[PDB]
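First comes one chain, alone, set out as C-alpha coordinates in the form deposited in one PDB entry.
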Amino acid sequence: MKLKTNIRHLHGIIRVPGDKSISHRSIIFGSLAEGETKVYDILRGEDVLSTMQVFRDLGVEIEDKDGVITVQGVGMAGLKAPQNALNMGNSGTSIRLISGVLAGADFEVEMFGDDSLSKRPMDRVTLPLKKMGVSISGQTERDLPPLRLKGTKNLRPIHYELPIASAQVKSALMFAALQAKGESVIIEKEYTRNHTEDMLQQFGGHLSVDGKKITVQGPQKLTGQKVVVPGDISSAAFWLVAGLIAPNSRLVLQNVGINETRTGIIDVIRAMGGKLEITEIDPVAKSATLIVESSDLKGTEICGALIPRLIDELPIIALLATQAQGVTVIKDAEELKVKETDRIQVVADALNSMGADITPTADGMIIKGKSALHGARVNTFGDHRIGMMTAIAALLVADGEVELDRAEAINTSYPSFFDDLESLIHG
(Lines give C-alpha, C1' and ligand atoms only; values in the text may rest on other atoms or scores of the structure.)
Protein backbone atom coordinates (compact mmCIF):
# COMPACT_ATOMS: atom_id res chain seq x y z
CA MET A 1 0.00 0.00 0.00
CA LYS A 2 0.99 3.63 -0.60
CA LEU A 3 1.48 5.40 2.75
CA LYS A 4 0.47 9.02 3.41
CA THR A 5 3.24 11.52 2.61
CA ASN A 6 3.92 15.24 3.21
CA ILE A 7 1.86 16.04 6.32
CA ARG A 8 1.49 19.68 7.41
CA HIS A 9 -0.06 19.18 10.87
CA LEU A 10 -1.06 16.51 13.41
CA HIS A 11 -3.79 17.24 15.98
CA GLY A 12 -6.27 15.23 18.06
CA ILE A 13 -7.02 13.13 21.14
CA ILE A 14 -6.17 9.41 21.05
CA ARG A 15 -6.92 6.45 23.33
CA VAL A 16 -4.59 3.50 22.65
CA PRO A 17 -5.47 -0.21 23.17
CA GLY A 18 -5.02 -1.65 26.67
CA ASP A 19 -1.92 -3.25 28.19
CA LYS A 20 -1.62 -7.03 27.77
CA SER A 21 -0.09 -7.82 31.18
CA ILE A 22 -2.66 -5.78 33.14
CA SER A 23 -5.53 -7.21 31.04
CA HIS A 24 -4.49 -10.74 32.03
CA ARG A 25 -4.14 -9.88 35.73
CA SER A 26 -7.52 -8.09 35.84
CA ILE A 27 -9.28 -11.40 35.10
CA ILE A 28 -7.14 -13.38 37.59
CA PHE A 29 -7.43 -10.86 40.46
CA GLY A 30 -11.13 -10.31 39.70
CA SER A 31 -11.87 -14.03 40.02
CA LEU A 32 -9.82 -14.55 43.21
CA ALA A 33 -11.29 -11.50 44.99
CA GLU A 34 -14.57 -11.28 46.93
CA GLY A 35 -17.39 -9.36 45.27
CA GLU A 36 -17.84 -7.83 41.81
CA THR A 37 -15.02 -6.72 39.51
CA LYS A 38 -15.64 -4.47 36.50
CA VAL A 39 -12.94 -4.14 33.84
CA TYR A 40 -12.94 -1.22 31.39
CA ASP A 41 -10.91 -0.77 28.17
CA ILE A 42 -9.51 -4.33 28.16
CA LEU A 43 -7.16 -5.59 25.42
CA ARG A 44 -9.38 -7.54 23.02
CA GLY A 45 -6.90 -10.22 21.95
CA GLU A 46 -7.03 -14.02 21.81
CA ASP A 47 -4.60 -14.43 24.73
CA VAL A 48 -6.81 -12.41 27.11
CA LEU A 49 -9.85 -14.24 25.69
CA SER A 50 -8.14 -17.56 26.52
CA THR A 51 -7.68 -16.62 30.19
CA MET A 52 -11.33 -15.50 30.41
CA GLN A 53 -12.55 -18.91 29.19
CA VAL A 54 -10.16 -20.86 31.45
CA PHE A 55 -11.64 -19.30 34.60
CA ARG A 56 -15.14 -19.74 33.12
CA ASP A 57 -14.41 -23.48 32.90
CA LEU A 58 -13.34 -23.37 36.56
CA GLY A 59 -16.75 -21.97 37.57
CA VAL A 60 -16.19 -18.20 37.57
CA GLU A 61 -19.00 -16.05 36.13
CA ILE A 62 -17.46 -13.68 33.57
CA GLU A 63 -19.70 -11.50 31.39
CA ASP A 64 -18.35 -10.01 28.15
CA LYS A 65 -20.93 -7.34 27.31
CA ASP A 66 -20.46 -4.20 25.18
CA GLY A 67 -16.73 -3.90 25.89
CA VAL A 68 -17.29 -4.18 29.65
CA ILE A 69 -16.04 -7.21 31.59
CA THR A 70 -18.06 -8.15 34.68
CA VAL A 71 -16.47 -10.80 36.93
CA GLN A 72 -18.21 -12.42 39.90
CA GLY A 73 -15.59 -13.37 42.50
CA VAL A 74 -15.48 -16.90 43.93
CA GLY A 75 -12.82 -16.33 46.61
CA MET A 76 -9.23 -17.43 47.19
CA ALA A 77 -10.31 -21.07 47.55
CA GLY A 78 -13.48 -21.00 45.44
CA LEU A 79 -12.30 -22.47 42.12
CA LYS A 80 -13.99 -25.70 41.00
CA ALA A 81 -12.86 -28.69 38.90
CA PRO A 82 -13.28 -28.20 35.13
CA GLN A 83 -15.27 -30.55 32.87
CA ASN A 84 -12.43 -30.92 30.34
CA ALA A 85 -8.84 -29.84 29.59
CA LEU A 86 -8.13 -26.11 29.81
CA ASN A 87 -7.18 -24.41 26.53
CA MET A 88 -4.52 -21.71 26.91
CA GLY A 89 -3.89 -21.26 23.18
CA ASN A 90 -0.90 -19.07 22.31
CA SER A 91 -0.62 -17.32 25.69
CA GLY A 92 2.53 -18.06 27.68
CA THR A 93 1.20 -15.80 30.44
CA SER A 94 -2.04 -17.79 30.85
CA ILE A 95 -0.38 -21.22 31.22
CA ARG A 96 2.26 -19.95 33.68
CA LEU A 97 0.20 -17.64 35.93
CA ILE A 98 -2.85 -19.91 36.39
CA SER A 99 -0.51 -22.81 37.24
CA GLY A 100 0.35 -20.87 40.40
CA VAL A 101 -3.30 -19.91 40.93
CA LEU A 102 -4.36 -23.58 40.95
CA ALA A 103 -1.64 -24.42 43.51
CA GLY A 104 -4.23 -24.64 46.30
CA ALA A 105 -6.83 -26.51 44.24
CA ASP A 106 -8.01 -29.88 45.58
CA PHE A 107 -8.51 -31.44 42.12
CA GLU A 108 -6.74 -32.59 38.94
CA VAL A 109 -6.48 -30.38 35.84
CA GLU A 110 -4.98 -30.51 32.33
CA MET A 111 -3.49 -27.43 30.63
CA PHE A 112 -2.74 -27.40 26.89
CA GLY A 113 -2.12 -24.93 24.06
CA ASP A 114 -1.11 -24.70 20.40
CA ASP A 115 2.16 -25.73 18.69
CA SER A 116 3.89 -22.43 19.59
CA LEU A 117 2.97 -22.84 23.27
CA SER A 118 3.85 -26.56 23.39
CA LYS A 119 7.44 -25.84 22.29
CA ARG A 120 8.09 -23.61 25.33
CA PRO A 121 9.45 -25.18 28.55
CA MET A 122 7.56 -24.91 31.86
CA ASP A 123 10.30 -26.40 34.09
CA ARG A 124 11.08 -22.95 35.52
CA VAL A 125 7.58 -22.81 37.06
CA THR A 126 7.16 -26.49 38.03
CA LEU A 127 10.41 -26.66 40.05
CA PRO A 128 9.45 -24.03 42.70
CA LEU A 129 5.80 -25.17 42.78
CA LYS A 130 6.90 -28.76 43.50
CA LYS A 131 8.80 -27.50 46.56
CA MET A 132 5.51 -26.00 47.79
CA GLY A 133 3.71 -29.35 47.52
CA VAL A 134 2.03 -29.18 44.10
CA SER A 135 2.19 -32.19 41.77
CA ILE A 136 2.97 -30.92 38.25
CA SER A 137 4.54 -32.64 35.24
CA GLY A 138 4.64 -32.18 31.46
CA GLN A 139 6.32 -33.70 28.41
CA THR A 140 10.05 -34.54 28.74
CA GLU A 141 12.32 -33.25 31.54
CA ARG A 142 11.84 -29.58 30.59
CA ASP A 143 8.07 -30.02 31.16
CA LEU A 144 6.44 -29.11 27.83
CA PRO A 145 2.66 -28.62 27.41
CA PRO A 146 0.35 -30.27 27.97
CA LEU A 147 0.81 -30.27 31.76
CA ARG A 148 -1.01 -32.20 34.50
CA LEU A 149 -1.56 -30.43 37.83
CA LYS A 150 -2.83 -31.55 41.25
CA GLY A 151 -2.73 -29.00 44.08
CA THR A 152 -2.93 -29.30 47.86
CA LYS A 153 -4.99 -27.76 50.68
CA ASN A 154 -1.83 -27.90 52.81
CA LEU A 155 0.34 -25.51 50.76
CA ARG A 156 3.85 -24.75 52.04
CA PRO A 157 5.44 -21.26 51.98
CA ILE A 158 8.37 -20.73 49.59
CA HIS A 159 11.82 -19.15 49.91
CA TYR A 160 13.07 -19.14 46.32
CA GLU A 161 15.83 -17.42 44.34
CA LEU A 162 14.89 -17.01 40.67
CA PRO A 163 17.57 -18.29 38.25
CA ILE A 164 15.99 -16.43 35.30
CA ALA A 165 14.75 -12.84 34.88
CA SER A 166 11.10 -13.75 34.25
CA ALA A 167 7.96 -11.93 35.41
CA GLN A 168 5.71 -14.89 34.53
CA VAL A 169 7.57 -17.17 36.96
CA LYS A 170 7.67 -14.39 39.59
CA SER A 171 3.91 -13.72 39.35
CA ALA A 172 3.06 -17.44 39.41
CA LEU A 173 4.79 -17.86 42.78
CA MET A 174 3.02 -14.77 44.16
CA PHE A 175 -0.42 -16.23 43.38
CA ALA A 176 0.69 -19.49 45.03
CA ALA A 177 2.05 -17.70 48.11
CA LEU A 178 -1.30 -15.89 48.41
CA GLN A 179 -2.86 -19.31 49.13
CA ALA A 180 0.00 -20.81 51.17
CA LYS A 181 0.07 -20.75 54.99
CA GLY A 182 2.95 -18.65 56.31
CA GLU A 183 5.62 -16.23 55.10
CA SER A 184 7.00 -16.57 51.57
CA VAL A 185 9.86 -14.60 50.00
CA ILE A 186 10.48 -14.31 46.25
CA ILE A 187 13.84 -12.94 45.08
CA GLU A 188 14.27 -11.52 41.57
CA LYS A 189 17.43 -11.99 39.52
CA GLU A 190 16.77 -8.68 37.76
CA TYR A 191 14.11 -5.95 37.89
CA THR A 192 11.15 -7.06 35.76
CA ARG A 193 7.42 -6.36 35.20
CA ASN A 194 5.78 -5.41 38.51
CA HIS A 195 2.13 -5.34 37.37
CA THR A 196 1.23 -8.13 39.81
CA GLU A 197 2.60 -6.05 42.72
CA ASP A 198 0.48 -3.05 41.66
CA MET A 199 -2.77 -5.00 41.22
CA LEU A 200 -2.26 -6.75 44.58
CA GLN A 201 -2.26 -3.37 46.36
CA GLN A 202 -5.32 -2.46 44.27
CA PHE A 203 -7.46 -5.45 45.31
CA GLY A 204 -6.66 -5.00 49.01
CA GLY A 205 -3.50 -7.10 49.33
CA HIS A 206 -0.31 -6.44 51.28
CA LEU A 207 3.43 -6.72 50.54
CA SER A 208 6.75 -5.37 51.87
CA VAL A 209 9.37 -5.33 49.05
CA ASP A 210 13.07 -5.06 49.97
CA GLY A 211 14.92 -4.17 46.76
CA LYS A 212 14.40 -7.27 44.58
CA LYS A 213 13.22 -9.29 47.60
CA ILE A 214 9.42 -9.65 47.63
CA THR A 215 7.81 -10.77 50.90
CA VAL A 216 4.20 -11.98 50.76
CA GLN A 217 2.03 -13.30 53.62
CA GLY A 218 -0.79 -15.84 53.35
CA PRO A 219 -3.51 -16.65 53.15
CA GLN A 220 -4.93 -13.34 51.89
CA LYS A 221 -8.47 -12.18 51.10
CA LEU A 222 -9.14 -9.63 48.35
CA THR A 223 -12.00 -7.27 47.40
CA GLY A 224 -13.54 -6.58 43.98
CA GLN A 225 -12.48 -3.32 42.33
CA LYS A 226 -13.35 -0.96 39.48
CA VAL A 227 -10.53 -1.58 36.99
CA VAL A 228 -9.61 0.82 34.19
CA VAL A 229 -6.88 -0.87 32.12
CA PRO A 230 -4.09 1.58 31.19
CA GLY A 231 -3.15 1.95 27.52
CA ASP A 232 -0.12 0.12 26.14
CA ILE A 233 2.99 2.34 26.07
CA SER A 234 4.29 0.27 23.13
CA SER A 235 1.29 1.33 21.02
CA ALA A 236 1.32 4.86 22.48
CA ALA A 237 5.02 5.40 21.70
CA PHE A 238 4.26 5.44 17.96
CA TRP A 239 2.17 8.59 18.51
CA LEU A 240 4.57 10.10 21.07
CA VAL A 241 7.44 9.93 18.56
CA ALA A 242 5.31 11.19 15.63
CA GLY A 243 4.10 14.22 17.60
CA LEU A 244 7.65 15.45 18.27
CA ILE A 245 8.67 14.66 14.68
CA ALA A 246 5.85 16.14 12.57
CA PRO A 247 5.84 19.93 11.96
CA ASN A 248 3.18 22.15 13.59
CA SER A 249 1.80 19.27 15.66
CA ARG A 250 0.31 18.56 19.10
CA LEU A 251 -1.21 15.26 20.26
CA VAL A 252 -2.97 14.27 23.49
CA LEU A 253 -3.04 10.69 24.78
CA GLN A 254 -5.60 9.95 27.51
CA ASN A 255 -4.59 7.55 30.32
CA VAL A 256 -1.42 5.80 29.10
CA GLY A 257 0.42 3.20 31.20
CA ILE A 258 3.16 4.69 33.37
CA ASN A 259 4.72 1.63 35.07
CA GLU A 260 8.42 2.12 35.88
CA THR A 261 9.75 -1.06 34.23
CA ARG A 262 8.19 -0.09 30.87
CA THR A 263 8.67 3.71 30.72
CA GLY A 264 12.04 3.65 28.95
CA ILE A 265 10.70 5.77 26.07
CA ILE A 266 9.81 8.67 28.41
CA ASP A 267 13.40 8.78 29.73
CA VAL A 268 14.64 8.97 26.12
CA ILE A 269 12.30 11.84 25.14
CA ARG A 270 13.22 13.75 28.33
CA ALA A 271 16.97 13.42 27.69
CA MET A 272 16.62 14.38 24.00
CA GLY A 273 14.87 17.61 25.01
CA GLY A 274 11.38 16.69 23.85
CA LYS A 275 8.32 18.63 25.01
CA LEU A 276 6.51 15.80 26.80
CA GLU A 277 3.73 16.80 29.21
CA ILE A 278 2.46 14.53 31.99
CA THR A 279 -0.92 15.32 33.58
CA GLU A 280 -3.80 13.54 35.37
CA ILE A 281 -1.75 10.81 37.07
CA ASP A 282 -3.59 7.74 38.34
CA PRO A 283 -1.39 6.42 41.19
CA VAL A 284 -3.38 3.22 41.88
CA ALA A 285 -3.44 1.90 38.29
CA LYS A 286 -0.19 3.58 37.13
CA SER A 287 -1.53 5.63 34.20
CA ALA A 288 -1.22 9.27 33.09
CA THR A 289 -2.26 11.67 30.32
CA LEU A 290 0.62 12.22 27.87
CA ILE A 291 0.75 15.34 25.67
CA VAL A 292 3.47 15.87 23.05
CA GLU A 293 4.20 18.69 20.58
CA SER A 294 6.76 19.49 17.84
CA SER A 295 10.28 19.83 19.26
CA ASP A 296 13.96 20.00 18.28
CA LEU A 297 15.77 16.86 19.45
CA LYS A 298 19.40 16.16 20.44
CA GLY A 299 21.51 12.98 20.54
CA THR A 300 21.63 10.95 23.76
CA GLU A 301 23.26 7.80 25.18
CA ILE A 302 21.00 4.81 25.84
CA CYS A 303 22.80 2.01 27.71
CA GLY A 304 22.61 -0.40 30.67
CA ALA A 305 19.60 -0.57 33.03
CA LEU A 306 17.57 1.54 30.58
CA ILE A 307 17.52 -1.18 27.88
CA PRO A 308 15.12 -3.70 29.57
CA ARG A 309 12.66 -0.80 30.05
CA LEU A 310 12.54 0.10 26.33
CA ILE A 311 13.46 -3.17 24.56
CA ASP A 312 10.12 -3.21 22.69
CA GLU A 313 10.40 0.49 21.76
CA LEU A 314 13.76 0.21 19.94
CA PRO A 315 12.43 0.51 16.33
CA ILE A 316 10.75 3.93 16.85
CA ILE A 317 13.58 5.20 19.08
CA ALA A 318 15.86 4.89 16.03
CA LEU A 319 13.32 6.92 14.03
CA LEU A 320 13.20 9.46 16.87
CA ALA A 321 17.02 9.52 16.84
CA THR A 322 16.99 10.01 13.05
CA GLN A 323 15.56 13.53 13.46
CA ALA A 324 17.78 14.34 16.46
CA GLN A 325 20.79 16.63 16.03
CA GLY A 326 24.06 14.89 16.90
CA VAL A 327 24.93 11.25 17.61
CA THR A 328 22.78 8.83 19.63
CA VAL A 329 24.36 5.52 20.66
CA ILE A 330 22.46 2.42 21.81
CA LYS A 331 24.51 -0.23 23.64
CA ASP A 332 24.03 -3.21 26.00
CA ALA A 333 21.27 -4.63 23.77
CA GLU A 334 21.76 -8.13 22.34
CA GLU A 335 18.69 -10.04 22.95
CA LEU A 336 17.02 -9.87 19.52
CA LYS A 337 17.74 -13.61 19.44
CA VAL A 338 19.15 -14.48 22.88
CA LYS A 339 22.56 -13.20 21.76
CA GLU A 340 21.85 -12.25 18.15
CA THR A 341 20.21 -9.66 16.36
CA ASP A 342 17.96 -9.25 13.30
CA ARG A 343 15.46 -6.64 14.54
CA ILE A 344 18.10 -3.87 14.52
CA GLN A 345 19.27 -4.84 11.01
CA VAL A 346 15.71 -4.66 9.61
CA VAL A 347 15.27 -1.26 11.30
CA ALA A 348 18.59 -0.20 9.74
CA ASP A 349 17.83 -1.43 6.20
CA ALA A 350 14.40 0.25 6.22
CA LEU A 351 15.46 3.64 7.59
CA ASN A 352 18.79 4.34 5.84
CA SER A 353 17.07 3.58 2.52
CA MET A 354 14.79 6.51 3.42
CA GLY A 355 17.27 8.85 5.12
CA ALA A 356 20.95 9.39 6.06
CA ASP A 357 22.96 7.46 8.67
CA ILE A 358 22.18 4.38 10.78
CA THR A 359 24.97 1.89 11.57
CA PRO A 360 24.29 -1.49 13.25
CA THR A 361 26.48 -2.77 16.10
CA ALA A 362 27.03 -6.09 17.90
CA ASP A 363 25.26 -4.73 21.00
CA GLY A 364 23.04 -2.04 19.44
CA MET A 365 23.13 0.70 16.80
CA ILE A 366 24.48 4.20 16.06
CA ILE A 367 22.27 6.98 14.63
CA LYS A 368 23.77 10.27 13.40
CA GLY A 369 22.35 13.70 12.54
CA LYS A 370 18.98 15.08 11.45
CA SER A 371 17.91 13.35 8.23
CA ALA A 372 15.62 14.46 5.40
CA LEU A 373 13.65 11.30 4.58
CA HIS A 374 12.58 10.43 1.03
CA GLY A 375 10.47 7.73 -0.66
CA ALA A 376 11.49 4.06 -0.57
CA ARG A 377 10.13 0.49 -0.71
CA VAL A 378 9.90 -1.23 2.69
CA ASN A 379 8.83 -4.77 3.63
CA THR A 380 7.75 -5.59 7.20
CA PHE A 381 8.57 -9.33 7.02
CA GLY A 382 5.80 -10.25 9.47
CA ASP A 383 6.66 -7.56 12.02
CA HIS A 384 4.01 -5.16 13.35
CA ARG A 385 6.52 -2.70 14.83
CA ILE A 386 8.32 -2.12 11.50
CA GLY A 387 5.08 -1.35 9.65
CA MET A 388 3.96 1.22 12.21
CA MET A 389 7.45 2.78 12.28
CA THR A 390 7.52 3.17 8.48
CA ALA A 391 3.98 4.61 8.50
CA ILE A 392 4.90 7.52 10.80
CA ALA A 393 8.22 7.99 8.96
CA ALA A 394 6.29 8.45 5.70
CA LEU A 395 4.60 11.65 6.97
CA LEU A 396 7.97 13.44 6.77
CA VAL A 397 8.63 12.42 3.15
CA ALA A 398 7.91 15.32 0.77
CA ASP A 399 9.37 14.12 -2.54
CA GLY A 400 9.15 10.35 -3.11
CA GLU A 401 6.51 7.77 -2.25
CA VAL A 402 6.72 5.22 0.57
CA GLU A 403 5.28 1.81 -0.33
CA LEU A 404 4.68 -0.79 2.40
CA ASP A 405 4.35 -4.49 1.57
CA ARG A 406 2.83 -6.97 4.05
CA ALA A 407 0.95 -4.17 5.85
CA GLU A 408 -1.61 -6.65 7.23
CA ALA A 409 0.78 -7.53 10.08
CA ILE A 410 0.02 -4.20 11.82
CA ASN A 411 -3.38 -5.61 12.88
CA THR A 412 -1.62 -7.92 15.38
CA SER A 413 -1.69 -5.34 18.20
CA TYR A 414 -3.15 -2.23 16.55
CA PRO A 415 -6.23 -2.88 14.36
CA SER A 416 -7.32 0.79 14.36
CA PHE A 417 -3.84 2.22 13.69
CA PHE A 418 -4.63 3.70 10.26
CA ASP A 419 -8.03 4.90 11.51
CA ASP A 420 -6.35 6.81 14.35
CA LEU A 421 -3.73 8.36 12.04
CA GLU A 422 -6.44 9.50 9.59
CA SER A 423 -8.18 11.50 12.33
CA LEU A 424 -4.87 13.10 13.36
CA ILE A 425 -4.00 14.42 9.88
CA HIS A 426 -7.43 16.04 9.41
CA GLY A 427 -7.61 17.09 13.07
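Residues carry their position along the shown sequence, with the first being 1.
Separately, the form solved in complex with a small molecule exists; it is not shown, and the next lines address it.
By the criterion of a heavy atom within 4.5 Å, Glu340 is counted among the residues contacting the small molecule in the entry with it bound. At least one heavy atom of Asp312 is located within 4.5 Å of the small molecule in the entry with it bound. By the criterion of a heavy atom within 4.5 Å, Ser99 is excluded from the residues contacting the small molecule in the entry with it bound. Mapping the unseen interface onto this chain, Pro219 falls outside it, with no heavy atom inside 4.5 Å of the small molecule in the entry with it bound. With the partner omitted here, the residue from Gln345, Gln325, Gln72, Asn90 that has a non-hydrogen atom within 4.5 angstroms of the small molecule in the entry with it bound is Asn90. Of the listed positions (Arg120, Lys80, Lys181, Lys331), a single one reaches within 4.5 angstroms of the small molecule by any non-hydrogen atom in the entry with it bound, namely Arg120. Only one listed stretch (271-279, 242-250, 148-156, 91-99) carries heavy atoms within 4.5 Å of the small molecule in the entry with it bound, and that stretch is 91-99.
When each C-alpha is placed with whichever rigid part superposes it better, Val346 ends up alongside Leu290 in the two-part motion between the shown form and the other one. Cα of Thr70 to Cα of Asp282: at least 3 Å longer in the entry with it bound than in the shown structure. Whereas the shown form places them at one spacing, the Cα atoms of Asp282 and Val227 lie at least 3 Å farther apart in the entry with it bound.
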